[PDB]
């Protein structure tokens, strides 16, 4: 058992750019210094090389995006959950986004091995002016060795508050022992699952629907939530089509200029 921690707080610096105010991390996490894609956008790369999580392992992530900061956090790492026996591994994330701040983030895609038990809890606090691109990818297991839905139980939750008021819930429970997760209402023969929410982003439903339609190898869709935001769900047979889809969407949300209204 080991505890991996990640802390990141950002603020606008004297130069008007988004910079790291404070940070801290434990293996296998490691942040790189930010670089600036658009004059109005910072990007921090989160890297991690790990054998995976075992029984008793825990991850705790805290993100605090100061006001006016527009930040994208990118990674390439997959989170492997091993056989946890009679125990489990867990991932807790607390994210705070400030006034007129933007965050583009996603935890590592989950790959639950046979008899893996995983618990994830994510809470995201936003202001009314905050903007969020948040997503999660779940894989059926190690697809290459035909290890599909062999894990024990997977239970992850997302709750997003806007000015301390709930605007979105997700309650993901996957348990091979209760259901055939391959049935046409769940994974339906696919092996990779993308769930994504766009909150208060400068983008219309039709634009997102265009990306999905023009993405090979994806069965996906978008819809307006009760709180008037966008949710994207997509199934695929590999991770690449889903990651490609997310990139396209992220690109669409980013193609807005500070030199127009």
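Residue numbers count along the first chain shown, from 1.
Of the two segments, 180 to 188 and 156 to 164, the one listed with the higher mean B-factor is 156 to 164 (C-alpha atoms only). Between 193 to 201 and 40 to 48, the higher mean Cα B-factor belongs to 40 to 48. In this structure the maximum Cα B-factor among 231, 235, 61, 32 is found at 32. Sort the chain's modelled residues by C-alpha temperature factor and residue 225 lands in the lowest third, per the entry.
Sort the chain's modelled residues by C-alpha temperature factor and residue 172 lands in the lowest third, per the entry. When the modelled residues of the chain are ordered by C-alpha B-factor, residue 66 sits in the middle third.
Among all modelled residues in this chain, the alpha-carbon of residue 219 has a temperature factor (C-alpha) in the lowest third. Among all modelled residues in its chain, residue 12 ranks in the highest third by Cα B-factor.
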